[PDB]
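# What the coordinates show
Residue-level listing of the chains:
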Amino acid sequence: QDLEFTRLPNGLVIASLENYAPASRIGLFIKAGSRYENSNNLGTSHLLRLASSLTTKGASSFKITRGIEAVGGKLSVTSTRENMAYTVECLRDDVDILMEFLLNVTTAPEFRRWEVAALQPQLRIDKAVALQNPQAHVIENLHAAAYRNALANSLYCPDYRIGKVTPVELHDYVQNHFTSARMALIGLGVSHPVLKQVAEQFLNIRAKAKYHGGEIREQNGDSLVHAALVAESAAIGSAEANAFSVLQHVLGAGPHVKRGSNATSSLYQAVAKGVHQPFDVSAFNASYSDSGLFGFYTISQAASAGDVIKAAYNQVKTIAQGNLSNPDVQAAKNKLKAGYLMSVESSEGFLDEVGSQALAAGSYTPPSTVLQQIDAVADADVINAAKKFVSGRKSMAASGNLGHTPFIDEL
Amino acid sequence: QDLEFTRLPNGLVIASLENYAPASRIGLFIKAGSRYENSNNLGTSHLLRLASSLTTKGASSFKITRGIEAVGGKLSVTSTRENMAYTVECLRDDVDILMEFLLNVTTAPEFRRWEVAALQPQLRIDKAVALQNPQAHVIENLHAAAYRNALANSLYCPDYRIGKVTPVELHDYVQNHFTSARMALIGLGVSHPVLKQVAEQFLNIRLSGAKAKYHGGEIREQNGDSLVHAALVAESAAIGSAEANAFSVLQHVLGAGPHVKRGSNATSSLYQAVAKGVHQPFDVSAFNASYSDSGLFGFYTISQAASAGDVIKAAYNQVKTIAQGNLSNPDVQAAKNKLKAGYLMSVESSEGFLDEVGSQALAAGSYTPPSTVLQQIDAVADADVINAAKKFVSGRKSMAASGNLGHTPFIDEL
């Protein structure tokens, strides 16, 4: 079948693709990420990721939990700095139940304060777990430096707001962003007019990422240095941004082979020529509706990172000068064509690509057309892309034992 | 009497001033602050501030504690990023006891590991107490930005080194910096050759320091607090330079805190300049830090969350106008009278005097009498004070804050 798609006069979107799968899948995306938080109501969105499965006007927290598990369904939340996502899974004989539970969470939650207060310390858990993975320190402390207010906001609540988030801020945040204009309802293995029936019946309701640059240095006790160095980018959808996406793979954005030596990654090889001590490196490419970021992510030892980062910085530098050949670029295209299609292979990874476009575009982009956009990329744009990285103002962030780590200006 | 002074061939210094006070006072200063810590052995000096009153080869931790208290003496430690200080108080009939305890702490401590491990969590206390006073966040997070390695080091141990400081690092830090070349023994109400007798007998003993390379930058510690604490500074002149005295004058011209209780700081150009714009509770004052290698100068800020962006610009402009040339002699003459007072009032006590004696002694080959210091104040020209302000405006900046920064600017917006 083909992906249905439309829009409501209230600005709401619907899609549908009856894949004939046994298990349906429905996902309500939205533009209510963490960038929409001011300095006052921080940690709000982290509470909302957990505020699902709470009391509603349509049902209680107990009915929701068991009513889902009785049919063996699923309920999961995903967030980005821009977008949020409420998603379900179930069998297509059980769609109508999960919707009634889904919308009561989204549309009309009550957020009774005691349930909220019992939920606050869960933040300390979900945060500190995900910060075991050291990248989450770096990336969060990185966006705090590159950008000022909006996209610099953390997905994860800071420590001082714990037990201070009110229901008042939530309902405000609900009413201020959970609007039909910002939403995009999506369903797979499901018919189109059903979601029309649901949305018309129920969902029919009512800052800038200013770049600054800078640097963070989180000295900690750990033998490995985690570090990143980036510059301002192009927003998603620009052909300019596709050039970075190509440039990302030219440098090598992680191994394709298990335990491979990353033979084609110009960075990992360029570092290997200088360094002979365990390391890792890869291309970082973040994109957003207003802006994005590009550069590379670093892992090294405490007494060798100062060599690794310079080598990566020079490899990008040579490519900006003009040192780049077509087949190298053609290879990165074949990678990018693969990275996209392999992402949307599953129902889930597909589902993220559908509504992201739907919120960021007035229509779904078929993947075949995306492949055409890849081929449209010129090698010179990829070079001018690298020029921006070198010439543009930088943003930096690290964590570890920084006894030998340089700064921006030394690079 | 007059302040005795000399130096030993091993590079050790002694002074003495028999003030005929009932209570003696002795202080062993040294160049072993926090700048001498690398990234590996951080928190070391914070442990040493507490590692006093531990076991030694000369005595046990119990003997030291009670033997002092039995005579009602005192033992206190002071540290700076450059210097440390071990000081005592006692009655002059009880000098020889406190010395034997003092030197055994300094000269030959054992640092037996279990006592050390029982002492580690005390760091979490002494730190977090002093960080109740919000300035300590700002100032520490400030030096981390202005400077790279040496003076950027915190006096206070970071959280990850807790329970990881070894005795090995200490004895190394002892042997690497507790040398006779870096010390300066001082005693008041005490005779000179006594300290000569002690030092020659005991202190006659044997890592280099690092540079305070300036970088600039900014820190922004978003927290839940209605008040914004903030600072903005630039690179300075080291202590002893006549250049540095100009800042010290410029410090008082702007107003480095009230002289009157609850006064409106009538002469503080900053507090008045802010007052012309703002009509909501605030505070501001001149910040002037100086060090042997470098220093810092600027101003410290306190404002509300939704008004600091106006306060800092007003202070920035008041300094800016003065750099352009807007400055008169009697305004400058007033700040001199302040500075002449701030110095003399500091060295009024035996204690505040004692810090001024040995600081010079470590940073100079001889004591500077205060009368000569007053001459150096009068030597300052108004134009140097203006060129001083030019450096603040023209030089690269360093910034730091803490609070609700919803409306707070950056360096570049200033």
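Residues numbered from 1 in each chain as written, not as in the entry; some residues may be left out. Chains lettered and ligands numbered in written order. Part of a larger assembly, values for the part shown. Heavy atoms only, no water.

Its PDB header names cryo-EM as the technique used to obtain the model and reports a resolution of 4.1 Å.

## Let's talk about the overall build of chain A
Where we set the bar: Working definition: helices are DSSP H or I runs of at least four residues, strands are E runs of at least two. Numbering for both runs from the N terminus. The globule rule used here is 2.2 Å times the number of residues to the 0.38 power, and the radius of gyration it is set against is calculated over C-alpha atoms. By the counting rule applied here, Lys and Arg register as positive and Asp and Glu as negative, while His and the ends of each chain are not counted. Charge positions are represented by NZ for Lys, CZ for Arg, CG for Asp and CD for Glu.
Check the secondary structure of chain A and you find 14 helices and 11 strands. In terms of C-alpha radius of gyration, chain A reaches 23 Å, essentially the compact-globule figure of 22 Å for 411 residues. Projected onto its principal axes, the C-alpha coordinates of chain A cover approximately 65 × 50 × 35 Å. Within chain A, one finds 36 positive and 37 negative side-chain charges whose respective centroids are separated by 5 Å.

## Remarks on the interface of chain A and chain B
Rules: Any two residues whose heavy atoms approach within 4.5 Å at even a single point are treated as in contact. A 1.4 Å probe defines the accessible area here, and the buried area is the portion of it lost by two parts on being joined, summed over both. Put simply, a salt bridge is a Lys or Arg side-chain nitrogen that is within 4 Å of an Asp or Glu carboxyl oxygen. Polar contact is defined as a pair of N or O atoms within 3.5 Å, subject to the rule that within protein one atom must be able to donate a hydrogen and the other to accept it, and that residues adjacent in sequence are counted only when both atoms are side-chain atoms.
Contact residues are listed per partner, giving 14 residues for chain A and 14 residues for chain B. In terms of surface lost to chain B, no three residues of chain A exceed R148, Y160 and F407 of chain A, which account for 35% of the buried area on that side. For the pair chain A and chain B, the interface holds 4 salt bridges. When the shortest N-O distance is used, the salt bridge between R148 of chain A and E413 of chain B registers 3.5 Å. Here chain A and chain B share 7 residue pairs in polar contact between them.

## Points about the packing of helix 1 (residues 44–51) of chain B against helix 4 (residues 113–130) of chain B
Residues and elements named next belong to chain B. Where we set the bar: Every angle, taken between N-to-C directions, lies between 0 and 180 degrees, and every axis is a line fitted to C-alpha atoms, over only the stretch in contact when it is a helix. Orientation labels follow simple angle bins: below 35 degrees gives roughly parallel, above 145 gives roughly antiparallel, 65 to 115 gives roughly perpendicular, and whatever is left gives oblique.
Put simply, helix 1 and helix 4 touch, their axes get as near as 10 Å, and they point 105 degrees apart. In terms of orientation, helix 1 lies roughly perpendicular with respect to helix 4. Seen from helix 1, the contacting residues are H46, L47, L50 and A51; seen from helix 4, they are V116, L119, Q120, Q122, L123, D126 and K127.

## Remarks on the domain arrangement of chain A
Residue and element names in this part refer to chain A. Put simply, the rule is: Here the limits of each domain have been adopted from an automatic or database domain assignment.
Structurally, chain A comprises domain 1 (1–207) and domain 2 (208–411). On a C-alpha basis, the centres of domain 1 and domain 2 stand 29 Å from each other. Contacts between the two partners involve 34 residues from domain 1, matched on the other side by 39 residues from domain 2. When domain 1 packs against domain 2, close to 3200 Å² is buried across both sides, 69% of that on carbon and sulfur atoms.

## Some words on the nonpolar core
Condition: Buried residues of nine kinds, namely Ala, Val, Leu, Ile, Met, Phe, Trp, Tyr and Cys, make up a nonpolar core once their side-chain atoms join them within 4.5 Å. Each residue's exposure class comes from its accessible area (1.4 Å probe, protein chains only) as a fraction of the maximum for that residue type: buried when under 20%, exposed when over 50%, partly exposed otherwise.
Core analysis: the biggest nonpolar cluster contains 41 residues, and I26, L48, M99, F178 and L185 of chain B have the highest contact counts within it. The greatest single-element share of this core, amounting to 7 residues, is contributed by helix 3 (residues 95–106) of chain B. Not counting the four nearest positions on each side in its chain, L48 of chain B is found in contact with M84, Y86, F111, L170, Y173 and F178 of chain B. By size, the runner-up hydrophobic cluster in this structure holds 40 residues, among which are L8, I26, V88 and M99 of chain A.

## Structural notes on the side chain of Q120 of chain B
If you trace the backbone, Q120 of chain B turns up in helix 4. If sequence neighbours within four positions are ignored, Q120 of chain B has contacts with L47, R161, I162, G163, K164 and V165 of chain B.

## Considerations on the sheet that holds strand 7 (residues 214–219) of chain A
Residue and element names in this part refer to chain A. Let me state the cut-off plainly: Here, strands pair whenever DSSP counts at least two bridges between them.
Taken in spatial order, the 5 strands make up an open sheet running 7-11-8-10-9, and their pairing is mixed. The strands lining the two open edges of the sheet, one partner per strand, are strand 7 and strand 9 (280–287). Ignoring strand direction, the axes of neighbouring strands in this sheet form an average angle of 15 degrees. The strands touched by helix 10 (residues 305–321) are strand 8 (224–232), strand 10 (292–301) and strand 11 (394–400); relative to strand 10, the strand with the most contacts, the crossing angle is about 145 degrees.

## Here's the deal with helix 6 (residues 167–177) of chain A
Note that an α-helix has 3.6 residues per turn; residues three or four places apart therefore point the same way. Residue and element names in this part refer to chain A. Short version of the rule: Arc, as used here, means the arc of the directions from the helix axis to the C-beta atoms.
Looking only at helix 6, the buried set comprises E169, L170, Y173, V174 and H177. In an axial view of helix 6, the angular spread of the buried residues amounts to 140 degrees, which keeps them on one side of the axis. Opposite the packed face of helix 6, turned more than 90 degrees from it, sit the exposed residues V168 and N176. Looking at the buried residues of helix 6, the elements they touch are strand 3 (23–30), helix 1 (44–51) and strand 5 (84–91). Two to three positions downstream of the cap, the backbone nitrogen of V168 sits 3.3 Å from a side-chain oxygen, assigning the N-cap of helix 6 to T166.

## So, the domain arrangement of chain B
Residue and element names in this part refer to chain B. On domain assignment, one finds that chain B holds domain 1 (1–210) and domain 2 (211–414). Each of domain 1 and domain 2 has a C-alpha centre, and these two points are 29 Å apart. Across the contact, 34 residues belong to domain 1 and 39 residues belong to domain 2. A buried area of about 3200 Å², summed over both sides, lies between domain 1 and domain 2, and 69% of it is on carbon and sulfur atoms. Where domain 1 meets domain 2, there are 1 salt bridge. Where domain 1 touches domain 2, the interface holds 11 residue pairs in polar contact. Contributing elements (two or more residues each) for the side of domain 1 that touches domain 2: strand 3 (23–30), helix 5 (135–146) and strand 6 (183–188).

## Comments concerning the pairing of strand 5 of chain A
Regular strands have side chains that alternate between both faces of the sheet. Residues and elements named next belong to chain A. Here strand 5 lies mainly inside the structure; 6 of its 8 residues are buried. Where strand 3 and strand 5 come together, 8 bridges link them in antiparallel fashion. The residue bridging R25 from the neighbouring strand is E89, located in strand 5. Relative to strand 5, strand 4 (residues 74–79) runs antiparallel, the two sharing 6 bridges. Bridge pairing in strand 5 places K74 opposite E89. Hairpin connection, strand 4 to strand 5: the antiparallel pair is bridged by 4 residues.

## Topic: the pattern of salt bridges
By the definition in use, this model includes 24 salt bridges over all chains. Through salt bridges with shared partners, a single ionic network connects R35, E82 and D290 of chain A.

## A word on the sheet that holds strand 11 (residues 397–403) of chain B
Residues and elements named next belong to chain B. One open sheet holds the 5 strands; their spatial order is 7-11-8-10-9, and the pairing between them is mixed. Both outer strands of the open sheet, strand 7 (217–222) and strand 9 (283–290), are each paired with one neighbouring strand and no more. Averaged over all pairs of adjacent strands, the angle between strand axes in this sheet comes to 15 degrees, irrespective of strand direction. As paired elements, strand 8 (residues 227–235) and strand 10 (residues 295–304) share 9 bridges and run antiparallel to each other. In the sheet register, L232 faces strand 10, and the bridge partner there is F299. Where helix 14 (residues 382–394) meets the sheet, it contacts strand 8, strand 10 and strand 11, and its direction lies at approximately 110 degrees from that of strand 8.

## A look at helix 3 (residues 95–106) of chain A
Residue and element names in this part refer to chain A. We apply this condition: Each helix should span, by expectation, one fewer than its residue count multiplied by 1.5 Å.
With 12 residues, helix 3 extends 17 Å from end C-alpha to end C-alpha; this agrees with the ideal 16 Å at 1.5 Å per step. Every buried residue of helix 3 is listed here: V95, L98, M99, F101, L102, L103, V105 and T106. Each element contacted by the buried residues of helix 3 is listed here: strand 3, helix 2 (61–70), strand 4, strand 5, strand 6 (183–188) and helix 7 (192–203).

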